[PDB]
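One structure is given here, and the rest of the page talks about it.
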Ligand SMILES: *[C@@H]1O[C@H](CO)[C@@H](O[C@@H]2O[C@H](CO)[C@@H](O)[C@H](O)[C@H]2NC(C)=O)[C@H](O)[C@H]1NC(C)=O
Ligand SMILES: *[C@@H]1O[C@H](CO)[C@@H](O)[C@H](O)[C@H]1NC(C)=O
Ligand SMILES: *[C@@H]1O[C@H](CO)[C@@H](O)[C@H](O)[C@H]1NC(C)=O
């Protein structure tokens with residue numbers, strides 16, 4: 001799904017990945033130490049899986 | 001030998017039958033295969049797919 005649309009869904013930074021979750025309908029794939037920092041500074045995002 | 005022509009070898013000999021074997025090979029096995037959903041379907045991508 002991602003290699004078909006590398007222009008569309010893949011981003012350049014963590015910051016541009018969070019802004020597309022906040023605005024668009026998107027499921028950005030971070031690393032678990034910067035999901036814990038985002039979900040304290042912004043209480044409207046969450047960590048889905050394990 | 002002849003400087004205009006080159007080596008006109010009269011090689012063309014029989015003293016012993018041919019060295020090992022001849023070549024039977026790959027043949028690439030062409031497959032008659034239509035496109036149809038999820039058996040055989042095209043890929044969509046950004047860069048050209050050939
Ligand atoms: C409440 O639900 C709405 C819609 O389901 C969401 O807010 C908007 O979601 C759309 C996605 O279709 C975005 O384009 C908008 O930018 C969102 N609005 C804002 C202000 O960002 C969201 O799920 C919830 N909105 C909240 C909690 O404010
Ligand atoms: C999450 O987004 C909403 C609306 O976009 C806004 O209240 C704020 O940016 C966030 N919520 C909280 C509690 O910080
Ligand atoms: C090579 O020699 C043979 C022997 O008769 C001749 O027939 C032929 O014309 C010559 N030249 C080439 C290019 O084969």
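The count begins at 1 with the first shown residue.
Each residue, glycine too, has its Cβ placed from N, Cα and C.
According to Swiss-Prot, the protein carries these features:
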- B:8: N-linked glycosylation site (CARBOHYD)
- B:19: N-linked glycosylation site (CARBOHYD)
- B:26: N-linked glycosylation site (CARBOHYD)
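Structural mapping of features recorded in Swiss-Prot.
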| residue | record | CB count, 10 Å |
| --- | --- | --- |
| B:8 | N-linked glycosylation site | 8 |
| B:19 | N-linked glycosylation site | 6 |
| B:26 | N-linked glycosylation site | 6 |
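Checking the glycosylation sites B:8, B:19, B:26 against ligand 3, the ones whose Cβ sits under 6 Å from it are B:8.
Residue B:8 (N-linked glycosylation site) and residue B:26 (N-linked glycosylation site) have their C-alpha atoms 34 Å apart, to the nearest angstrom. Separation of the C-alpha atoms of residue B:19 (N-linked glycosylation site) and residue B:26 (N-linked glycosylation site): 21 Å, rounded to the nearest whole number. Under the three-state DSSP scheme, residue B:8 (N-linked glycosylation site) falls in the coil class.
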